[PDB]
Amino acid sequence: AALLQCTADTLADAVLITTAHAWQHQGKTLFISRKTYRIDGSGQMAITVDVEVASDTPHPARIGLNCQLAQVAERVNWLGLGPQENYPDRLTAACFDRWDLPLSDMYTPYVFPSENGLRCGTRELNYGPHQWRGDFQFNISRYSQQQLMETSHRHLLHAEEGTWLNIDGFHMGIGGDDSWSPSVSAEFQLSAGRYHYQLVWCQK
Amino acid sequence: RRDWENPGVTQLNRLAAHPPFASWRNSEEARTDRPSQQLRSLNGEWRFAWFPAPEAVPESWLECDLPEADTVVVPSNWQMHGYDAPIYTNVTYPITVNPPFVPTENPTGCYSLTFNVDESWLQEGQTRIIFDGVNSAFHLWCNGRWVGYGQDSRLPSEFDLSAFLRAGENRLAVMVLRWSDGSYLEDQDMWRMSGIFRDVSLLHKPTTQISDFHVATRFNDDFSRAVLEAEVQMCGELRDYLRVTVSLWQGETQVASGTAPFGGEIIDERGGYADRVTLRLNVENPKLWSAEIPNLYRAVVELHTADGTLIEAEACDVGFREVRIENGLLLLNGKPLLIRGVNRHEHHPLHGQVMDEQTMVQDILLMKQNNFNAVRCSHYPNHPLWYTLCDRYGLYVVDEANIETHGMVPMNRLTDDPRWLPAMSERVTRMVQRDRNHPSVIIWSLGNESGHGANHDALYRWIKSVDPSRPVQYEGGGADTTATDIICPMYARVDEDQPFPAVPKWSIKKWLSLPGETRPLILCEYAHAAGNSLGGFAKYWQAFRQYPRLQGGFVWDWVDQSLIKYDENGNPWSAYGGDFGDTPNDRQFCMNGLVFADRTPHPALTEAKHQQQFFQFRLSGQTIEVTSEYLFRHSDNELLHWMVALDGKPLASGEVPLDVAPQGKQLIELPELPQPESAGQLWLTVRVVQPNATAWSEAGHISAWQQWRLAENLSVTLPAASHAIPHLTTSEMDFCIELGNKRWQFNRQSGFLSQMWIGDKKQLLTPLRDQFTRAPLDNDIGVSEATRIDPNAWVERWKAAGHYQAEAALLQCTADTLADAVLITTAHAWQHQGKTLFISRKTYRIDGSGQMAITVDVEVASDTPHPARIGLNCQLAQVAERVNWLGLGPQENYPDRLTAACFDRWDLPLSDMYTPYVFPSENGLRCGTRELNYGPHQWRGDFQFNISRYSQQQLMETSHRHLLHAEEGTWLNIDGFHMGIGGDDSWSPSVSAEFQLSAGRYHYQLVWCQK
Ligand SMILES: CC(C)S[C@@H]1O[C@H](CO)[C@H](O)[C@H](O)[C@H]1O
Ligand SMILES: [Mg+2]
Ligand SMILES: [Mg+2]
Ligand SMILES: [Mg+2]
Ligand code: NA
Ligand code: NA
Ligand code: NA
Ligand code: NA
Ligand code: NA
């Protein structure tokens, strides 16, 4: 990530942080992320994200935010599709409602570790003292995308300090027509070039 | 006898039907198809008088000219001359349904002609008169004596006048009835007219004559050899010295010839036909006929004596081709056809239903220039010249019987009634007897929209029996009955089933594989082109190319059936149903063509041309793969041009000769492309150009094209910040922003940008406000009307939800001063009767550069019908001459009809940004636009837009385009999103789900500044 802009403005009843980043690889600009963080008197942080994806780079696996929370709670409560793991092209069985599960159930123990546990069409997520609202997809666990990506067996995984949260505005399909050639249908590929999503973070 | 109210009597003393005759008395004339001294035209000025009924016609009219009659041109429709009104009705009959009766008030046209006849024509032989088309029934008198009667408005009626004529002057009297029992079989969706609308002529034949002849061509497996077989029939006295010689010519070269005396082979216990003979000619390596290469031979049939004295000669163009269905596929000369067809009615805005050579040629050229290779004669036999042109220019033709009983309840009430079998059979058999020698005709059709009756099965079998060289199709009763060799549905969709009871319209992909089905599927009608239509057209062609048995279809239809009328200032304007006082009527439903009545193209024509291309392309790296869809010809008049451009700015271009075999492929390696300096998106555009002119196209004709996005360089560099900082002036009623010579005014009560200034010049006439509706397209309206509302039609759903009445309620309007800009934030709620339909949240950011960045986020209640659009609109005070934009163009294009449009830098005069649909509606939209320029304004982003002198309101309230009045300034509609236009049909919702605005939440952003 290369910082292109970072400014702070004071509004009537809020502070406005504007940022812009460019992700590059060997001179090529893959993605551009422009955000605004508006923190008002009610203590809520409204995050606006607008991303640009070069039309000639392979469509990205996801478009969102992530971070490792210090908090480690027992439950995960959310108003969205559930209760089980569901992805864009595998979410017809999930139902929209208020779900509440222990953190461990938000992780799927696939023998061969990988991205897992996502829940789509979520309008509200609650974890510990935190509350996120909007319309996103998410997975939350004690394993970072990096560890899952480097570990060959699930029994070799180790809980990391705190909790890793991945909140996506968009996530690519998982496919499956077969597992030896690209099988994610075009309608589930992130090829729009320009994406927008908004999140409100606050204290439940 | 009131013969016009008896389906049992369809004619009296009419001669047998036969192929086109000219009775040449010189063989070379027949070979070269030059005019024949024995075939005279009686077209020109005739005498005409109108009467309210046949009972009002004075007997004196039979003996001499009525002084009150007028001199008029013939052929013609008398409604086009103003004697009475033309009636436009779709399904419902124009007369009370009480078969076989017609109204007592039956408009009667009394035609008469005083003409001269050479004595040589009466000293020997037979002189007959031919009426190519009389609508809808008539009696004929010659020199005061009754000659005959005839029905069926679309086929020639011939009578022997030999015993009624005298040398010198003669007078014909023709009483034409508008309505007859034949009218129950002519309920096609088109203007209802009448009169002698086709050619009238006199033909002289010898007493001993060729009375009929059939030409057939059989081939070996690889078509390297063929046998031409000609059955010739004669009338007159049989003599042993009589002979028939049939010669086949390839240009000026005779390639085959055969002679023989009359006397056919034994056929049954009583012998054979002594008055017939069949000649068989061998042809090695025949040049095959096809729409790709219309190779033609000339067959000359000579009736002569053994000593070599010619009696008479007849002839026809011959196209060596084989039509057959095998293993579920329609093949032409052994290859599977892909029908790029269209339905074409015989219509002229000035002459009504009278056809002329120039108009026919103009149609054929435009059709071929737009990649069509087939035409359906909806829904009757055409003017004889039409087939000759299709034979020579090369178009596959579906010849159809003049039989449509759409308005009956049920639809097959007459077609399943044996009492009507006689009338129906004649409409079928006489068509076959007339057109069977035309190579262009590859398929026979039993008629249109008359349900499915036993009479159809009978006539289907009759054709299969008399002419096994052509498939027979018929759509009635479900499109896949026992009366059709081809599944030929009308408006069946690609993926969506429409399970109507008894006569469902299955998805065409699904139809093919139903249990036990094996026939090929070709839509007799699809992609209803009413007004702003053809949305989803590309979906059809994708299926046609993927499924072997989906062999295409015929678009509905070719040309708008609008008629010309004149106002006070004598100015002409396009009229439709009801504009002649005709009532009841079906208003604008008579306009569904790809071109206007004067043959000017509708935007949709370009979409059809693109999807109907004969060359397909693929890109892999620096390699372009060109695949040919031609079945018989090589690309011997094609050149590929390629161009690479960065946001409209050309960087490199080139040309490569195309040399691809039919159904073959060619790989073209593009040279090393330079590296783009500036950021932006590189685009590759290729187009196939025909260097040489052809019979149907000029040199340089573009036949195909395709675009691809190449490398894209995202802009990361930031522009040098401006020293100037905008200033905010706050008042109770407004938020004003000043930046030097520029000012922005936001009304704090409305929450909208109400005015802009550049110096002291106002830039707006109407505030910039959100817009979620559009002046309804034909497809949005469907069959709904004020007297008969269709709650399911899109327009009715929007209206009932209050979309057109919704009022904006201001929820928030604030102003903030940033370090380098002024930020305006607004929020509006659109409600209707306590129901919030949409919520619009915006931010306007004005910086020192003078640019206003507008961000819009919209919420649409999931339970309100999906909106026609999500954008902004305003009336600019400026009226400029040009419109320049970087986006899809240059023609009008919509989400579900934009594959033909190309991304590039376009510049057009403001008038071309408006599409003159006869029935006004939303129009002129251009999608995928990143930059728009008009006068001092420039808008950047990723939007769709239209711009014109007509507000959506005026377009929505105006019934005819000639009543439109350019408003002050210029109306601009910039949409973040726009709904598809649809068109699979125009009487039910047809916009596919992927093109409906159902996401619930939408986001778009624009930057407004000066160019
Ligand atoms: C009015 C429909 C229910 S029937 C529909 O009307 C169309 C009007 O262009 C065409 O005539 C179609 O062939 C016909 O089936
Ligand atoms: Mg009759
Ligand atoms: Mg009809
Ligand atoms: Mg394309
Ligand atoms: Na892994
Ligand atoms: Na096909
Ligand atoms: Na019509
Ligand atoms: Na060529
Ligand atoms: Na209108």
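Going by the header, the method for this PDB entry is X-ray crystallography, and the resolution given is 2.20 Å.

K.L.:
Describe the environment of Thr10 of chain B, listing the residues and the values that go with them.
P.N.:
All names here are of chain B. Positionally, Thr10 belongs in the segment before β1 (11–12). Using a relative accessible area of 9% as the deciding quantity, one classes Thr10 as buried. On a C-alpha basis, the gap between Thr10 and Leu512 in space is 40 Å, while along the polypeptide they are 502 residues apart. Residues within four places of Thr10 in sequence aside, it is in contact with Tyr149, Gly150, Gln151, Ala423 and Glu426. Within the local environment of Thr10, its side chain forms a polar contact with the side chain of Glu426, the two groups lying 2.8 Å apart.

K.L.:
Describe empty space enclosed by the protein, naming the residues involved and giving the relevant values.
P.N.:
Residue and element names in this part refer to chain B. In the structure shown here, the tally under the stated rule is 10 cavities of 30 Å³ or more. As a volume, the largest cavity reaches approximately 180 Å³. Along the walls of the largest cavity sit 18 residues, with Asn135, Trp179, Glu186, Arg192 and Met193 positioned nearest its centre. Of the residues belonging to the lining of the largest cavity, the class tally is 6 nonpolar, 7 polar and 5 charged. Around the second largest cavity sit 14 residues that line it, and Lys742, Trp744, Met756, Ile758 and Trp1008 are the ones nearest its centre. Taken together, the elements giving at least two residues each to the lining of the second largest cavity come down to β44 (742–747), β45 (753–758) and β58 (1001–1010).

K.L.:
Just give me the short version of the site of ligand 1, but keep the residues and values in it.
P.N.:
Residues and elements named next belong to chain B. With respect to spatial proximity, the complete set of residues near ligand 1 consists of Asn90, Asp189, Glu449, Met490, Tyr491, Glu525, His528, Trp556, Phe589, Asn592 and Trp987. With respect to ligand 1, the side chain of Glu525 contributes an N or O atom lying 2.6 Å from an oxygen atom. The side chain of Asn592 places a nitrogen or oxygen atom 2.9 Å from an oxygen atom of ligand 1. For ligand 1, whose unbound accessible area comes to 390 Å², protein coverage reaches 84%. In the shell around ligand 1, the residues fall into 5 nonpolar, 3 polar and 3 charged.

K.L.:
Go over unusual backbone geometry with me, naming the residues and quoting the values.
P.N.:
All names here are of chain B. Between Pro99 and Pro100 the backbone carries a cis peptide bond, its omega angle lying at 0°. Its place among the elements puts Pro100 in the loop between β5 (87–89) and β6 (108–117). The backbone phi angle of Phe223 is positive, close to 60°, even though this residue is not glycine. Turning to its location among the elements, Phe223 is positioned in the loop between β14 (209–219) and β15 (225–235). Take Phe223: its relative accessible area is 10%, and that puts it in the buried class. One non-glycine residue, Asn327, adopts positive backbone phi at about 55°. Here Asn327 is to be found in the loop between β23 (323–326) and β24 (329–332).

K.L.:
Can you tell me about the coordination of the sodium ion (ligand 7), naming the residues and giving the values?
P.N.:
For a metal bound by four donors in a tetrahedral arrangement, the ideal donor-metal-donor angle is 109.5 degrees, while six donors in an octahedral arrangement ideally sit at 90 or 180 degrees. All names here are of chain B. For the sodium ion (ligand 7), the full set of protein donor atoms is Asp189 (OD), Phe589 (O) and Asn592 (ND2), and the range of their distances to it is 2.3 to 2.4 Å. On the primary sequence, the residues serving as donors to the sodium ion (ligand 7) are separated as D-x399-F-x2-N. With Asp189 in the loop between β11 (168–177) and β12 (190–192) and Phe589 in the loop between β34 (572–575) and α9 (604–611), this pair connects stretches of sequence that are 400 residues apart. The class of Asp189 is buried, set by a relative accessible area of 12%.

K.L.:
Which residues make up the interface of chain B and chain A, and what values do they have?
P.N.:
Contact residues are listed per partner, giving 19 residues for chain B and 24 residues for chain A. Taking both partners together, chain B and chain A bury about 1500 Å²; carbon and sulfur atoms supply 49% of that area. At the boundary of chain B and chain A, one finds 2 salt bridges. The salt bridge partner of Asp135 of chain A is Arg1001 of chain B, with a shortest N-O separation of 3.2 Å. Remark: the boundary between chain B and chain A carries 10 residue pairs in polar contact. At 4 residues, strand β41 (residues 701–713) of chain B tops the list of elements feeding residues into the side of chain B that touches chain A. Partitioning the side of chain B that touches chain A into residue classes produces 7 nonpolar, 5 polar and 7 charged.

Rules and cut-offs
Residues numbered from 1 in each chain as written, not as in the entry; some residues may be left out. Chains lettered and ligands numbered in written order. Part of a larger assembly, values for the part shown. Heavy atoms only, no water. Helix = DSSP H or I, 4+ residues; strand = E, 2+ residues; numbered from the N terminus. Buried < 20%, exposed > 50% of the residue type's maximum accessible area, 1.4 Å probe, protein only. Contact = heavy atoms within 4.5 Å. Polar contact = N/O pair within 3.5 Å; in protein donor to acceptor, adjacent residues only side chain to side chain. 1 Å grid on protein atoms, 1.4 Å probe; cavity = no way out; pocket = protein on both sides within 12 Å on 5 of 7 lines; lining within 4 Å. Points joined across faces, edges and corners; volume = space filled by probe spheres on them. Nonpolar A, V, L, I, M, F, W, Y, C, P; charged D, E, K, R; others polar. Near = heavy atom within 4 Å. Areas by Shrake-Rupley, 256 points an atom, 1.4 Å probe, with all protein chains shown as cover. Donors = N, O, S within 2.8 Å, 3.2 Å for Na, K, Ca; no water. Buried area = accessible area lost by both parts, 1.4 Å probe. Salt bridge = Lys/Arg side-chain N within 4 Å of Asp/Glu carboxyl O.

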